[PDB]
Amino acid sequence: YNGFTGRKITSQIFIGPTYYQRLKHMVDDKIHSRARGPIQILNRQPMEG
DNA sequence: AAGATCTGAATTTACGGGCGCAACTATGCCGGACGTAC
């Protein structure tokens with residue numbers, strides 16, 4: 001049944017238990033942004049550190 | 001004619017390159033020589 005309108009969904013859905021795994025790659029560990037900050041000492045360009 | 005030379009044309013080593021970026025980790029350069037204290 002459609003959770004919003006409560007109407008029956010026309011086609012019948014394949015549903016059941018399944019084993020799922022959460023992988024270690026969270027979004028908070030891979031989100032970053034820069035405006036300006038720690039440039040290099042030699043190239044005078046942005047660097048990771 | 002013969003040759004030696006000799007000068008342009010077939011075969012062997014030898015550098016030098018070898019995906020975009022992300023992310024994370026973990027590891028790194030002494031031995032004699034001279035003094036001082038006990």
Side-chain angles (χ1 to χ4, degrees):
Chain A
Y1 290 73
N2 180 22
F4 308 115
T5 66
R7 191 188 171 285
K8 287 178 173 173
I9 298 179
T10 295
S11 59
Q12 300 84 32
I13 302 305
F14 182 80
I15 186 171
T18 306
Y19 197 69
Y20 271 142
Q21 302 158 328
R22 184 177 190 194
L23 314 184
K24 56 151 183 169
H25 314 270
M26 278 76 73
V27 66
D28 294 333
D29 300 333
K30 300 188 302 311
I31 182 163
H32 75 93
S33 54
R34 178 182 167 86
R36 50 182 69 199
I39 55 167
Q40 286 187 37
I41 59 170
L42 179 58
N43 286 308
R44 206 86 87 192
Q45 297 179 352
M47 43 76 74
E48 296 194 59

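In the text below, chain A, chain B and the rest are named by the order of the sequence lines, each starting its count at 1.
B:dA4 has a negative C1'-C2'-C3'-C4' torsion, placing its sugar in the south range. A negative value of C1'-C2'-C3'-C4' puts the sugar of B:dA9 in the south, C2'-endo-like family. Using the sign of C1'-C2'-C3'-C4' as the criterion, B:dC15 is classed as a south pucker. Sugar pucker at B:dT7: south, on the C2'-endo side, as the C1'-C2'-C3'-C4' dihedral is below zero. The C1'-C2'-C3'-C4' dihedral of B:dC6 is negative. Its furanose therefore counts as south.
Rounded to an integer number of Å, the gap from CD of A:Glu48 to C1' of B:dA22 is 8 Å. Between A:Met47 atom CE and B:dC21 atom P the separation is 18 Å, expressed in whole Å. Look at CE on A:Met26: it is 13 Å from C1' on B:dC24, rounded to the nearest Å. Atom CG in A:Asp28 sits about 15 Å away from atom P in B:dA23, given to the nearest Å. Atoms NZ (A:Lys30) and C1' (B:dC24) sit 12 Å apart, rounded to a whole Å.
A:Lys24 and A:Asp29 make their closest contact through O-OD2, 4.2 Å (heavy atoms, listed as atom of the first residue, atom of the second, distance). Between A:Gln40 and A:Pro46 the shortest heavy-atom distance is NE2-O, 3.9 Å. Between A:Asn2 and A:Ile9, the shortest heavy-atom distance links the atoms N-CG1, 3.8 Å.
Neighbouring residues B:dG20 and B:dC21 meet the stacking criterion, with the centres of their six-membered base rings under 5.5 Å apart and the ring planes within 30° of each other.
Taking only side-chain nitrogens and oxygens, A:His25 never comes nearer than 4.0 Å to OP1 or OP2 of B:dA22.
Within 6.0 Å of the CZ atom in A:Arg34, the count of heavy atoms belonging to other residues, nucleotides or ligands exceeds 12.
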